[PDB]
Amino acid sequence: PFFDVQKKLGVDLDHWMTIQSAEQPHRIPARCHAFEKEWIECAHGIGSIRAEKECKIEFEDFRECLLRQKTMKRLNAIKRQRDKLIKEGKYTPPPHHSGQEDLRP
Amino acid sequence: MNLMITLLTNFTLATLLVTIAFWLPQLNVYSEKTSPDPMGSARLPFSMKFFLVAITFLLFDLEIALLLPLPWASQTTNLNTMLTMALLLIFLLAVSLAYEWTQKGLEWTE
Amino acid sequence: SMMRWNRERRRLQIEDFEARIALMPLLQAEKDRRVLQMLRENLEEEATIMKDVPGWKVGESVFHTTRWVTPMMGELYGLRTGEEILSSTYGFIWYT
Amino acid sequence: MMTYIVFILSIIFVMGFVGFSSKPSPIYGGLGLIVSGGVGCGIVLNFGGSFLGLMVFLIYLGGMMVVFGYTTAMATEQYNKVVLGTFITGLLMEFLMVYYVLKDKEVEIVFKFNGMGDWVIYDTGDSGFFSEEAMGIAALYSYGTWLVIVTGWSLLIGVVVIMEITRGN
Amino acid sequence: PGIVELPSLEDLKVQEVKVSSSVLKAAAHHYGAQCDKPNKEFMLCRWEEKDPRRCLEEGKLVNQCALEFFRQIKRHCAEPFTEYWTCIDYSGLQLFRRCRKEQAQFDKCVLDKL
Amino acid sequence: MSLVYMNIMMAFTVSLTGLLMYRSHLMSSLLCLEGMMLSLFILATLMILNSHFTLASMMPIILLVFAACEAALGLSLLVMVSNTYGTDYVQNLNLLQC
Amino acid sequence: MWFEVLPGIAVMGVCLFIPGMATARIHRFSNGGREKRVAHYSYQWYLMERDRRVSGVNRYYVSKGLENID
Amino acid sequence: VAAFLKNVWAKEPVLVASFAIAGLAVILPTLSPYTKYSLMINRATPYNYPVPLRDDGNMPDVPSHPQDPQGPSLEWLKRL
Amino acid sequence: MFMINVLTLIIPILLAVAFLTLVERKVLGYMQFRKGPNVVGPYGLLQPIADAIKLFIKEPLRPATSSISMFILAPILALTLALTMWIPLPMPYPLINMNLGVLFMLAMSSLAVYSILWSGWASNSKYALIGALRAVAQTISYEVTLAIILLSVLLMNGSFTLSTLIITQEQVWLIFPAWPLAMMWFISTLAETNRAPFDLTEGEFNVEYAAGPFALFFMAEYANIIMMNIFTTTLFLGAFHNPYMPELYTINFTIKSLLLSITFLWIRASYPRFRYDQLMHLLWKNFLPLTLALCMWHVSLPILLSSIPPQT
Amino acid sequence: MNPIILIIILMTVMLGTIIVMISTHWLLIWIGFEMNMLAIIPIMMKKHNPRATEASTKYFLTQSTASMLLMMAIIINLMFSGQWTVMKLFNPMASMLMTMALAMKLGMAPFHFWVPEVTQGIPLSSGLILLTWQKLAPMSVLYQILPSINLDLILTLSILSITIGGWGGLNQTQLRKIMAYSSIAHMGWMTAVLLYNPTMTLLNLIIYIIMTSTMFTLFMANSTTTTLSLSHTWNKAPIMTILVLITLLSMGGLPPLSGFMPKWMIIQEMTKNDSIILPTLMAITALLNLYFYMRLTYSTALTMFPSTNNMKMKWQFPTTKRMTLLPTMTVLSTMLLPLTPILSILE
Ligand SMILES: CCCCCCCCCCCCCCCCCC(=O)OC[C@H](COP(=O)([O-])OCC[N+](C)(C)C)OC(=O)CCCCCCCCCCCCCCCCC
Ligand SMILES: CCCCCCCCCCCCCCCCCC(=O)OC[C@H](COP(=O)(O)OCCN)OC(=O)CCCCCCCCCCCCCCCCC
Ligand SMILES: CCCCCCCCCCCCCCCCCC(=O)OC[C@H](COP(=O)(O)OCCN)OC(=O)CCCCCCCCCCCCCCCCC
Ligand SMILES: CCCCCCCCCCCCCCCCCC(=O)OC[C@H](COP(=O)(O)OCCN)OC(=O)CCCCCCCCCCCCCCCCC
Ligand SMILES: CCCCCCCCCCCCCCCCCC(=O)OC[C@H](COP(=O)(O)OCCN)OC(=O)CCCCCCCCCCCCCCCCC
Ligand SMILES: CCCCCCCCCCC1=C(C)C(=O)C(OC)=C(OC)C1=O
């Protein structure tokens with residue numbers, strides 16, 4: 001039983017806290033506002049059964065924005081290869097990745 | 001970082017003073033004291049009233065926790081709704097106090 | 001007295017906020033050039049590090065879409081020293 | 001070491017729960033949950049949640065664990081192998097997790113977890129002249145109307161229920 | 001997926017506005033009045049493109065129009081401006097309300113000479 | 001995912017198994033229950049502060065208040081138990097086996 | 001008489017005058033003869049870190065004015 | 001309504017002051033003429049950036065410069 | 001350099017607590033038509049030094065503690081919380097300038113009852129435990145009106161920033177819009193620190209501590225007294241602040257806080273003690289209804305006057 | 001209890017269940033369960049004896065543990081989905097934890113271990129609320145999360161609930177434990193047809209609530225809590241023996257009665273999905289429930305156990321109890337099978 005009293009009576013009891021793409025105070029965007037807006041506008045109206053297979057790209061984009069697992073795995077690979085080349089002496093860091101370059105602005 | 005250093009300094013000063021208080025007069029070689037209370041050995045009687053004032057504290061402190069964002073909530077653009085809900089929270093705290101009154105909850109610690 | 005003075009304080013707050021608003025285009029342009037500088041530096045150091053690893057695409061987006069994504073803290077300050085890391089990632093929180 | 005500090009606090013956090021999940025005595029359990037609340041508050045403070053961490057102090061520790069220690073001090077009249085065994089068991093489980101995720105930079109107990117410090121996942125922008133956390137909590141009175149109604153009604157009913165079930169009549 | 005395309009380091013070179021935050025805040029309202037047009041071109045480009053790489057050249061115009069703002073202060077009113085941003089610079093919250101006579105001298109000199 | 005979530009979830013499961021394996025006391029059980037609530041507070045807080053989802057910042061406070069009220073209820077239940085047997089021992093609560 | 005309590009109040013008042021005077025002089029000494037920068041908000045921290053980068057001496061408080069532009 | 005009020009003010013003046021202050025706090029914002037100015041000041045405080053509009057060709061009331069006459073004015077806030 | 005600033009905070013706190021004992025004995029002496037100490041030092045100034053040397057070489061009382069660990073931790077927690085209540089205090093600049101210094105102080109004062117509770121349970125006396133439960137219930141009772149009065153006053157401030165509370169009071173003292181909140185605040189902070197007429201720990205919990213640790217509890221309690229008077233001074237009697245001469249603010253708030261601490265000393269030599277139910281009646285049936293009514297008034301009042309203070 | 005306070009507390013129970021039913025946010029679901037538990041605790045402690053306090057303590061522990069697992073499932077849903085809609089769950093770990101939490105709230109086996117205790121400890125009216133109204137909100141959440149419910153988990157909980165609630169009541173002489181093990185078996189029947197057709201779940205829930213309300217209303221009318229006290233009914237109120245006869249023959253699923261209606265329809269929606277073994281085993285296991293229903297009808301209606309002398313006094317006082325809806329519920333729980341296609345109103 002989902003007695004949709006809110007849509008029937010036209011009141012907004014809890015839809016505002018439901019998603020990150022909703023109206024936030026002082027127009028603060030979430031860090032994955034665009035990804036969630038794209039996933040919601042993809043998966044709207046077509047049902048969950050169609051939405052699990054027809055909006056997989058937007059949902060993988062949004063999940064990887066949220067958790068950043070592919071990003072952190074890529075950073076793990078870059079940093080670990082960098083540490084191996086430092087340990088082998090095949091590589092040196094640049095001066096701008098050591099703190100001796102007087103940052104931009 | 002300055003705050004963590006300050007907390008560590010205050011804890012270290014307190015522990016140093018407590019160690020001096022618990023170990024400087026131990027070096028006194030005074031005397032061994034042979035055979036070192038209104039109730040003799042009876043058990044502690046449970047007071048229902050102390051527990052009642054503690055739970056009344058806890059519930060009104062939860063209502064305080066709801067009231068704590070009000071200096072930030074006065075800055076909103078939806079001020080009629082904000083003012084209504086603020087007066088409604090303080091009114092429900094007052095209704096909690098009135099019900100605690102009239103059902104003899106504030107008795108012998110009034 | 002509190003009426004007059006809190007009204008004056010609101011006008012002073014609006015003045016400070018419009019000073020901020022007048023400064024936000026320049027700070028936004030410098031911020032954009034700052035993050036693009038750091039991403040180009042990370043890209044070139046990835047190109048000179050990730051030469052041995054088979055099947056690696058340098059600068060490959062982990063996202064499917066080609067829309068710009070705001071850079072993560074580890075994406076920008078990953079290859080740098082821990083002093084710049086701590087200053088960027090807990091500097092404001094630990095400040096006094 | 002300092003870039004891992006939240007992680008280090010979180011390790012203390014897990015240790016603190018083994019300080020009372022082994023259940024030595026409810027007063028030592030209360031002390032362990034107080035130290036756990038302090039370090040978990042510090043974890044909340046290090047993502048920028050100052051108001052939420054001060055709710056952990058003012059309401060969880062200074063409000064509620066006061067009442068736990070108060071009620072416990074009115075019981076357990078003042079004067080183990082299983083406790084210390086379970087304590088070292090949970091401690092060795094947690095340090096094996098630490099050792100695995102620090103030697104592999106990846107672990108999977110139930111979910112996959114990264115092994116780098118959690119500073120990496122943060123945002124690189126500013127929030128202007130407001131804390132987003134403070135304004136989202138200030139939003140409780142304008143946007144959060146139904147939530148305030150049901151929370152205040154549940155607290156009023158909580159006062160009524162506590163007075164009913166402790167009266168004995 | 002695909003390769004992200006970043007601009008080269010030559011595309012990011014520009015004459016940086018290397019002044020402090022009190023120098024910016026003291027000169028803020030005249031910067032918001034006089035450097036209006038390329039700033040609003042840039043910020044409209046920045047909220048419509050939603051991508052800073054598509055907004056670089058307009059930003060250069062910002063970094064072009066800011067410097068001409070300060071040179072035109074330096075050619076005519078460097079001394080009341082310096083006296084004003086020093087008093088702004090003393091304060092911890094950088095209050096305008098502590099610094100009204102220096103603001104009055106700076107606004108009088110800018111309204112006369114510029 | 002992030003590494004601090006590992007420790008907050010594992011803390012929740014530690015306090016779960018503490019709340020799911022009683023020793024003697026009902027107070028130690030309520031301590032494990034409120035440790036579970038505390039770990040939920042920390043975990044929801046780190047998510048909401050992570051994703052900058054602004055409106056859910058009032059969410060953990062609510063998660064505090066209700067559940068803290070819940071704790072009050074449990075404490076009163078414990079007191080009624082301690083107003084029958086003199087202790088809060090869970091082995092005295094076996095009158096309902098028959 | 002009643003002015004006999006005044007040496008103890010004077011000692012206690014000097015002992016309360018020391019912390020505020022000391023933190024004011026330390027905030028002037030550690031920040032280039034000025035107040036400590038209050039950064040309660042992330043915009044204020046953004047400006048303060050921009051000052052740290054534009055000074056060239058890795059210090060936010062060393063200010064750069066019209067002499068730094070051409 | 002008259003003897004009862006003097007009786008409760010004689011016996012329990014703390015409660016009478018409580019309900020009087022709470023009653024003024026309820027009713028007086030609905031009767032105050034300055035309640036509207038609170039709304040108008042809180043909506044005129046610019047926390048965000050005033051993101052400009054693309055001039056399509058027909059916006060007669062939107063200014064091109066902040067010092068232009070058209071647009072929202074705050075002379076009521078300066079004067080009061 | 002910051003460590004020097006922490007030392008110049010915490011060492012003069014200890015010195016002012018040491019000489020507050022002399023000021024208490026002298027002011028209670030002259031209000032009782034006698035003198036206070038004037039033999040041990042010149043004008044009595046060496047009495048706290050003599051008394052500290054006396055207490056630190058007195059025999060340890062050596063109790064049978066229930067828990068050794070909490071018997072150690074209760075003075076440690078009392079002194080640590082007594083010292084950390086000073087670091088957001090703006091005078092005119094705090095040691096730790098934070099955005100939520102008010103709420104920080106309310107939190108660290110809410111944590112102060114664990115020292116009383118652990119010292120009461122760590123003693124084997126059931127009488128000491130009953131006294132500790134009474135003192136904890138008293139303190140957590142008056143923390144309610146501390147929180148609500150403090151919230152109602154900070155509705156005129158705009159934030160929980162203590163440094164903003166000086167900017168708030170540059171045209172008027174905040175006691176003029178909020179004197180009923182001020183007087184209930186003042187009596188509630190008098191009831192926080194177990195101070196007369198609310199001192200039922202002296203009327204017939206840490207009596208099992210030796211002279212050293214009992215002196216540490218005593219000095220933590222007087223550090224709380226000086227601190228709550230300074231916090232009441234900043235909160236209701238905000239002094240003039242010239243930013244180019246901060247010592248004007250420092251001399252001014254020091255004079256006001258000394259007068260307010262002498263006002264605590266002047267209350268304790270004027271009234272008899274409440275019975276325990278009488279100050280419970282004072283909280284729950286007198287202070288808390290007016291506190292809620294004035295909280296409604298100070299919510300609705302900046303809206304009806306258009307005097308809502310700035311967020312920043 | 002003060003009757004005004006009783007009305008406010010029952011409205012708060014109903015309010016918490018309605019807040020679960022009508023809300024689209026997960027925090028409001030959790031709030032509805034918290035409000036529901038917090039308000040139902042005094043209904044259990046109404047008579048103030050140690051059995052009610054023990055039952056309320058056990059109920060508090062199980063429902064608090066379920067609420068914590070519910071909030072953990074919600075938090076993992078916010079991890080792996082970034083949002084709060086009460087809909088399908090975007091992680092099998094959060095799906096497993098929420099199915100466990102709702103199984104603990106319903107008392108489905110092997111989390112059934114609080115249902116025969118608490119129902120024994122509390123009065124018949126509070127047990128009526130616990131076995132009828134407190135099944136509404138978790139079945140509503142299970143209605144709305146069923147695209148993410150694991151099949152083997154819900155079917156394991158269902159068959160384990162049916163078998164354990166069948167073998168529970170065979171050893172029982174206390175009527176409230178009989179209704180509790182009947183509750184466990186029927187909740188297994190409701191959740192077994194859940195992922196196939198939730199309309200039949202709703203039909204089983206409505207028919208079970210009608211029959212359980214009929215049986216508790218008869219128990220409150222006759223003031224009997226044991227089998228052997230229910231056996232005195234024929235010498236006092238002979239019509240009530242006929243009513244408990246037809247209602248217990250209904251609850252066993254015997255045609256032509258209405259309690260045959262749900263389980264048959266459940267089989268009617270499970271043989272469509274090519275499950276033949278599972279509804280057969282479920283139907284054969286329901287014979288255990290029907291066996292102890294037949295035991296109760298033998299003790300009450302079909303034989304005459306010996307009564308005592310003082311019963312002759314109770315012949316002189318008619319029933320002054322407000323037997324609310326007892327003819328209506330007695331008719332609806334027996335003679336509703338010719339109206340079987342009415343179930344489309346639940347679609
Ligand atoms: C910050 C600087 C200091 C601030 C001032 C404080 C300094 C003075 C200290 C004096 C020594 C105090 C020693 C401890 C005393 C404790 C006992 C005590 O006083 O109990 C309090 C007493 C307690 O009551 P009681 O016990 O005296 O009276 C009997 C009470 N019954 C009947 C319940 C038994 O009074 C209060 O609670 C009053 C609190 C403050 C009231 C403020 C009211 C302000 C006016 C509001 C408006 C009124 C008009 C109506 C509306 C008009 C609208 C236009
Ligand atoms: C509508 C406005 C908002 C209202 C809600 C907000 C209130 C804010 C303040 C919080 C109050 C919380 C506590 C309320 C408890 C009320 C019940 C009560 O105290 O009754 C008992 C009392 C007599 O005291 P007694 O029981 O004898 O005490 C023993 C010691 N002698 O009985 C009495 O003293 C009689 C009390 C009832 C009559 C009070 C009348 C006051 C009228 C003031 C002027 C009009 C103000 C406008 C609002 C009127 C609302 C009725
Ligand atoms: C921030 C400021 C804080 C200030 C805190 C302290 C306030 C009070 C400061 C001290 C005021 C003066 C104290 C004088 C004490 C009495 C000294 C005296 O007269 O001692 C005499 C005694 C015997 O001498 P004898 O030679 O026998 O005399 C016979 C003469 N034919 O000889 C002796 O006893 C030996 C000499 C002992 C000297 C002790 C002096 C007092 C030390 C107190 C500690 C604090 C020091 C000051 C700190 C702040 C200033 C830097
Ligand atoms: C039984 C054990 C022993 C008992 C005695 C000792 C423990 C009890 C007494 C000490 C209590 C310590 C309290 C520590 C946290 C206090 C809250 C806090 O830090 O608030 C201040 C501030 C928030 O203000 P804000 O301005 O927003 O932050 C700056 C950015 N603008 O936030 C900040 O500035 C954040 C700074 C970075 C994060 C700091 C984290 C500190 C370390 C973790 C907590 C330490 C205490 C753990 C044990 C507590 C036991 C009660
Ligand atoms: C998709 C589905 C959505 C939801 C659909 C609707 C679901 C309906 C669930 C019904 C739950 C009923 C719960 C119990 C009734 C609530 C009120 C209550 O507590 O009544 C009992 C009350 C207590 O009286 P008391 O003084 O305690 O008596 C003790 C003896 N001296 O009074 C008594 O003891 C009096 C004795 C007779 C009471 C009979 C009450 C019958 C109530 C149930 C009617 C049938 C359900 C509605 C129709 C079917 C709908 C599915
Ligand atoms: C080393 C720093 C000081 C350590 C603490 C000792 C001095 C302060 C407390 C001593 C004290 C004084 C002066 C005192 O006067 C007094 O009586 C009212 C006490 O007992 C209740 C005391 O404990």
Side-chain angles (χ1 to χ4, degrees), chain D residues 19 24-35 37-38 41-42 44-45 48-79 127-142 148 152 159, chain I residues 64-71 73-74 77 81 84 88 98-126 128-130 132-137 139-141 143-144 146-147 150-151 158-161 205 299 310-312:
Chain D
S25 180
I27 302 172
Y28 293 99
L31 187 273
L33 185 50
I34 289 161
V35 176
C41 170
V44 169
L45 293 170
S50 297
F51 186 83
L52 292 165
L54 294 172
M55 293 305 107
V56 175
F57 278 125
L58 185 59
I59 311 300
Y60 186 82
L61 296 180
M64 190 183 73
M65 291 302 293
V66 173
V67 179
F68 275 90
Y70 192 85
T71 305
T72 311
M74 302 180 71
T76 179
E77 186 178 3
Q78 54 194 0
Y79 292 162
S127 65
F129 283 103
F130 49 85
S131 178
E132 300 173 355
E133 180 258 338
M135 291 293 102
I137 291 165
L140 181 65
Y141 292 90
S142 65
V148 168
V159 173
Chain I
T65 66
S66 296
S67 180
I68 298 98
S69 64
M70 288 183 179
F71 190 80
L73 279 176
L77 183 69
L81 292 173
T84 56
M98 58 179 75
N99 200 5
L100 300 180
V102 169
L103 191 65
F104 174 76
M105 288 180 69
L106 190 61
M108 299 302 108
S109 70
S110 67
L111 295 175
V113 299
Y114 292 108
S115 64
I116 302 169
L117 188 63
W118 292 346
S119 64
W121 186 73
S123 68
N124 279 323
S125 181
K126 301 294 189 291
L129 183 60
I130 293 171
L133 293 170
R134 288 173 64 191
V136 167
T139 305
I140 68 173
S141 295
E143 286 175 359
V144 173
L146 256 70
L150 182 56
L151 194 152
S159 66
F160 295 93
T161 300
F205 58 90
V299 168
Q311 171 180 347
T312 65

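Residue numbers begin at 1 in each chain, while the letters A, B, ... track the order of the sequences. Below, all heavy atoms of this structure are taken into account, side chains as well, without hydrogens, waters or symmetry copies.
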Heavy-atom contact with chain I under 4.5 Å, split by part of [X]:
X	answer
D/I27	both
D/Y79	backbone
D/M65	both

Main-chain N/O of D/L61 paired to I/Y114 side chain as donor or acceptor, under 3.5 Å: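 Yes: the side chain of I/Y114 pairs with the backbone of D/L61.
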Top contributor to chain I contacts, counting heavy-atom pairs under 4.5 Å, from D/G53, D/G62, D/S25: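 Max contact count across the listed options: D/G62.
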[X] versus chain D, the contacting section by heavy-atom distance below 4.5 Å:
X	value
I/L100	both
I/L73	side chain
I/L103	both
I/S125	backbone
I/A64	neither
I/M70	side chain
I/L117	side chain

Mutual orientation of the aromatic rings belonging to D/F51 and I/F160 [parallel < 30°, tilted 30-60°, perpendicular > 60°]: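 Plane angle between 30° and 60°, so tilted.
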Residues 131-138 of chain D: residues contacting chain I (heavy atom under 4.5 Å, by number):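 From residues 131-138 of chain D, the residues near chain I are D/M135.
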CA sep, side-chain torsions, deciding dist, call: I/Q311, D/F129, side-chain contact (heavy atoms from CB on, under 4.5 Å): CA-CA 9 Å; I/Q311 171 180 347; D/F129 283 103; over 6 Å; no
At what distance, to the nearest 0.5 angstrom, does [atom1] of [X] lie from [atom2] of [Y]?
X	Y	atom1	atom2	result
I/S67	D/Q78	OG	CD	11.0 Å
I/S110	D/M64	OG	CE	13.0 Å
D/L31	I/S69	CG	OG	6.5 Å

Verdict with supporting geometry, D/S50 and I/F104, side-chain contact (heavy atoms from CB on, under 4.5 Å): CA-CA 9 Å; D/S50 297; I/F104 174 76; over 6 Å; no
Nearest heavy atoms of I/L106 and D/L58, plus distance in Å: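 So the two residues come closest at O-CD1, 3.5 Å.
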